[PDB]
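See below for protein_8.csv, which holds CSV, C-alpha atoms and all ligand atoms.
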```csv
chain,number,residue,atom,x,y,z
A,27,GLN,CA,77.9,58.2,10.9
A,28,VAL,CA,75.2,60.8,11.7
A,29,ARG,CA,71.7,61.1,13.2
A,30,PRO,CA,69.4,64.0,12.1
A,31,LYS,CA,67.4,66.2,14.4
A,32,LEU,CA,63.6,66.3,14.0
A,33,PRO,CA,62.9,68.7,11.2
A,34,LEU,CA,65.7,67.1,9.1
A,35,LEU,CA,64.6,63.7,10.0
A,36,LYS,CA,61.1,64.5,8.8
A,37,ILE,CA,62.5,65.7,5.4
A,38,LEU,CA,64.6,62.6,5.0
A,39,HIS,CA,61.6,60.3,5.8
A,40,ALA,CA,59.4,62.2,3.3
A,41,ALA,CA,62.1,61.3,0.7
A,42,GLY,CA,61.8,57.6,1.5
A,43,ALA,CA,64.5,57.1,4.2
A,44,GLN,CA,63.9,54.7,7.1
A,45,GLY,CA,65.1,55.0,10.6
A,46,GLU,CA,67.3,57.6,12.1
A,47,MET,CA,70.9,56.6,11.5
A,48,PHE,CA,72.6,57.4,8.3
A,49,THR,CA,75.9,58.1,6.5
A,50,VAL,CA,76.6,61.7,5.4
A,51,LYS,CA,76.3,60.5,1.8
A,52,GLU,CA,72.9,59.0,2.6
A,53,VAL,CA,71.7,62.4,4.0
A,54,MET,CA,72.9,64.1,0.8
A,55,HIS,CA,71.1,61.5,-1.3
A,56,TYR,CA,67.8,61.9,0.5
A,57,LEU,CA,68.0,65.7,0.5
A,58,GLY,CA,68.4,65.6,-3.3
A,59,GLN,CA,65.5,63.0,-3.6
A,60,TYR,CA,63.4,65.3,-1.5
A,61,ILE,CA,64.0,68.4,-3.7
A,62,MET,CA,63.3,66.3,-6.8
A,63,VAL,CA,60.2,64.5,-5.7
A,64,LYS,CA,58.6,67.6,-4.1
A,65,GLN,CA,59.5,69.6,-7.1
A,66,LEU,CA,61.2,72.4,-5.1
A,67,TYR,CA,63.8,73.2,-7.9
A,68,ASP,CA,63.0,76.1,-10.1
A,69,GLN,CA,61.4,74.7,-13.3
A,70,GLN,CA,63.3,76.8,-15.8
A,71,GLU,CA,66.6,77.3,-13.9
A,72,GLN,CA,67.2,74.1,-12.0
A,73,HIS,CA,70.2,75.3,-10.2
A,74,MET,CA,67.8,77.4,-8.0
A,75,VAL,CA,65.6,75.8,-5.3
A,76,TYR,CA,62.4,77.5,-4.0
A,77,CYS,CA,62.2,76.3,-0.5
A,78,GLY,CA,59.7,78.9,0.8
A,79,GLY,CA,56.5,77.5,2.1
A,80,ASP,CA,58.2,74.1,2.7
A,81,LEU,CA,59.7,72.6,5.8
A,82,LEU,CA,63.1,72.8,4.1
A,83,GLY,CA,62.7,76.6,3.9
A,84,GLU,CA,61.6,76.8,7.5
A,85,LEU,CA,64.6,74.8,8.5
A,86,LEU,CA,67.0,77.0,6.4
A,87,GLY,CA,65.4,80.3,7.2
A,88,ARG,CA,65.4,81.0,3.5
A,89,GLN,CA,62.9,81.2,0.6
A,90,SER,CA,65.5,80.2,-2.0
A,91,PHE,CA,69.1,79.1,-2.5
A,92,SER,CA,71.2,77.9,-5.4
A,93,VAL,CA,73.8,75.2,-6.0
A,94,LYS,CA,75.9,78.1,-7.4
A,95,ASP,CA,76.7,78.3,-3.6
A,96,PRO,CA,75.1,75.6,-1.5
A,97,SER,CA,76.5,77.0,1.8
A,98,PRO,CA,73.0,77.3,3.3
A,99,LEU,CA,72.7,73.5,3.2
A,100,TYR,CA,76.2,73.1,4.8
A,101,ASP,CA,75.2,75.4,7.7
A,102,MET,CA,71.9,73.5,8.1
A,103,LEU,CA,73.7,70.1,8.2
A,104,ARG,CA,76.2,71.3,10.8
A,105,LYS,CA,73.3,72.4,13.0
A,106,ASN,CA,71.0,69.3,12.3
A,107,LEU,CA,73.3,66.3,12.3
A,108,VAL,CA,74.5,64.6,15.5
A,109,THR,CA,77.8,62.8,15.0
A,110,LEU,CA,77.6,59.2,16.1
A,111,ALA,CA,80.2,57.5,18.3
A,201,LIG,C1,66.1,69.1,-10.9
A,201,LIG,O1,66.9,70.0,-10.0
A,201,LIG,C2,67.2,69.4,-8.8
A,201,LIG,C3,66.9,68.1,-8.4
A,201,LIG,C4,67.3,67.6,-7.1
A,201,LIG,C5,68.1,68.4,-6.3
A,201,LIG,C6,68.5,69.7,-6.7
A,201,LIG,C7,69.2,70.8,-6.1
A,201,LIG,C8,69.9,70.8,-4.8
A,201,LIG,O2,70.0,71.8,-4.1
A,201,LIG,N1,70.3,69.6,-4.3
A,201,LIG,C9,70.9,69.5,-3.0
A,201,LIG,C10,70.8,68.1,-2.5
A,201,LIG,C11,71.8,68.1,-1.3
A,201,LIG,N2,72.8,69.1,-1.7
A,201,LIG,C12,73.8,69.4,-0.9
A,201,LIG,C13,74.7,70.4,-1.3
A,201,LIG,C14,75.7,70.8,-0.4
A,201,LIG,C15,75.9,70.3,0.9
A,201,LIG,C16,77.0,70.7,1.9
A,201,LIG,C17,75.0,69.3,1.3
A,201,LIG,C18,74.0,68.9,0.4
A,201,LIG,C19,72.4,69.8,-2.9
A,201,LIG,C20,69.2,71.8,-7.0
A,201,LIG,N3,68.5,71.5,-8.1
A,201,LIG,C21,68.0,70.2,-7.9
```

What do you get writing this file as structure tokens?
Ligand SMILES: COc1cccc2c(C(=O)N[C@H]3CCN(c4ccc(C)cc4)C3)c[nH]c12
Amino acid sequence: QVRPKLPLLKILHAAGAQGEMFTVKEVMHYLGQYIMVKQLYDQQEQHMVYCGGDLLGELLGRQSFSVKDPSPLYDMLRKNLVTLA
């Protein structure tokens, strides 16, 4: 359903994704895998993600966010996913 722009594509590939065409659910899956395997979540308060000094933070223009309100990821996906025909 979607194709990611370069910085997002790099993140998904770092999480084990192949190619450049994905479903939205796949993108969400690989973003979660990325955060887990790169240990970006806060170690004591896992709802928080420290993305500063990572490509994800560069892409979001944030040092941190929380799943208490994951709106920054929504904005990023709107800007970085091309809808496929
Ligand atoms: C141990 O702790 C964690 C492990 C893995 C992942 C996480 C995590 C987090 O932000 N997952 C993201 C993954 C994609 N996603 C998302 C949310 C909203 C939209 C619109 C799109 C995608 C939420 C926070 N703690 C984690």

Residue nearest residue 32 of chain A - candidates A:46, A:56, A:87, A:94, atoms counted: only C-alpha atoms: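 The shortest atom-to-atom distance to residue 32 of chain A comes from A:46.
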
My list of candidates is A:57, A:76, A:71, A:35. Which is closest to residue 88 of chain A when distances are computed with only C-alpha atoms?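 Distance minimum relative to residue 88 of chain A lands on A:76.
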
Contacts to ligand LIG 201 (chain A) at 7 Å cut-off (all atoms listed in the file) as an MDAnalysis selection string: chainID A and resid 54:55 57:59 61:62 67 72:75 92:93 96:97 99:100

Residue nearest residue 85 of chain A - candidates A:49, A:27, A:69, A:106, atoms counted: all atoms listed in the file: A:106

Smallest atom-to-atom distance to residue 86 of chain A: which of A:42, A:105, A:30, A:68, using only C-alpha atoms?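 That would be A:105, the residue with the smallest distance to residue 86 of chain A.
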
By how many Å are atom CA of residue 34 of chain A and atom CA of residue 47 of chain A apart? 12.0 Å

Between atom CA of residue 103 of chain A and atom CA of residue 65 of chain A, measure the distance and give it in Å to one decimal. 20.9 Å

Which polymer residues have any atom within 9 Å of an atom of residue 43 of chain A, counting all atoms listed in the file, with same-chain residues fewer than 4 positions away left out, as a list in words?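 Surrounding residues, per the criterion: residues 35, 37, 38, 39, 52, 53 and 56 of chain A.
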
Can you work out the spacing between atom CA of residue 82 of chain A and atom CA of residue 109 of chain A in Å, to one decimal?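 For atom CA of residue 82 of chain A relative to atom CA of residue 109 of chain A, the distance reads 20.9 Å.
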
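Shortest separation to residue 80 of chain A among A:48, A:101, A:36, A:95 occurs at residue A:36, atoms counted being only C-alpha atoms.
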
What would segment 83-96 of chain A look like with N, CA and C atoms in place, written as a PDB file, keeping the file's coordinate frame?
```
ATOM      1  N   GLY A  83      62.499  75.199   3.741  1.00  0.00           N
ATOM      2  CA  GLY A  83      62.700  76.600   3.900  1.00  0.00           C
ATOM      3  C   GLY A  83      62.585  77.100   5.343  1.00  0.00           C
ATOM      4  N   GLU A  84      61.673  76.495   6.100  1.00  0.00           N
ATOM      5  CA  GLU A  84      61.600  76.800   7.500  1.00  0.00           C
ATOM      6  C   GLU A  84      62.865  76.449   8.237  1.00  0.00           C
ATOM      7  N   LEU A  85      63.413  75.278   7.905  1.00  0.00           N
ATOM      8  CA  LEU A  85      64.600  74.800   8.500  1.00  0.00           C
ATOM      9  C   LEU A  85      65.853  75.676   8.125  1.00  0.00           C
ATOM     10  N   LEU A  86      65.927  76.091   6.863  1.00  0.00           N
ATOM     11  CA  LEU A  86      67.000  77.000   6.400  1.00  0.00           C
ATOM     12  C   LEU A  86      66.862  78.415   6.785  1.00  0.00           C
ATOM     13  N   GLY A  87      65.637  78.841   7.086  1.00  0.00           N
ATOM     14  CA  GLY A  87      65.400  80.300   7.200  1.00  0.00           C
ATOM     15  C   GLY A  87      65.610  81.010   5.926  1.00  0.00           C
ATOM     16  N   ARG A  88      65.242  80.382   4.798  1.00  0.00           N
ATOM     17  CA  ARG A  88      65.400  81.000   3.500  1.00  0.00           C
ATOM     18  C   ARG A  88      64.165  80.654   2.639  1.00  0.00           C
ATOM     19  N   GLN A  89      63.880  81.513   1.659  1.00  0.00           N
ATOM     20  CA  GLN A  89      62.900  81.200   0.600  1.00  0.00           C
ATOM     21  C   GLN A  89      63.518  80.521  -0.580  1.00  0.00           C
ATOM     22  N   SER A  90      64.809  80.758  -0.803  1.00  0.00           N
ATOM     23  CA  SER A  90      65.500  80.200  -2.000  1.00  0.00           C
ATOM     24  C   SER A  90      66.961  80.038  -1.674  1.00  0.00           C
ATOM     25  N   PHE A  91      67.605  79.178  -2.460  1.00  0.00           N
ATOM     26  CA  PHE A  91      69.100  79.100  -2.500  1.00  0.00           C
ATOM     27  C   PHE A  91      69.415  78.512  -3.863  1.00  0.00           C
ATOM     28  N   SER A  92      70.707  78.479  -4.164  1.00  0.00           N
ATOM     29  CA  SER A  92      71.200  77.900  -5.400  1.00  0.00           C
ATOM     30  C   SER A  92      72.404  77.054  -5.198  1.00  0.00           C
ATOM     31  N   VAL A  93      72.546  76.023  -6.023  1.00  0.00           N
ATOM     32  CA  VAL A  93      73.800  75.200  -6.000  1.00  0.00           C
ATOM     33  C   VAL A  93      74.972  75.957  -6.607  1.00  0.00           C
ATOM     34  N   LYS A  94      74.780  77.174  -7.114  1.00  0.00           N
ATOM     35  CA  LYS A  94      75.900  78.100  -7.400  1.00  0.00           C
ATOM     36  C   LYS A  94      76.717  78.267  -6.063  1.00  0.00           C
ATOM     37  N   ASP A  95      76.029  78.240  -4.927  1.00  0.00           N
ATOM     38  CA  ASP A  95      76.700  78.300  -3.600  1.00  0.00           C
ATOM     39  C   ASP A  95      75.806  77.633  -2.590  1.00  0.00           C
ATOM     40  N   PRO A  96      75.996  76.326  -2.380  1.00  0.00           N
ATOM     41  CA  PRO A  96      75.100  75.600  -1.500  1.00  0.00           C
ATOM     42  C   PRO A  96      75.440  75.727   0.004  1.00  0.00           C
TER      43      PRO A  96
END
```
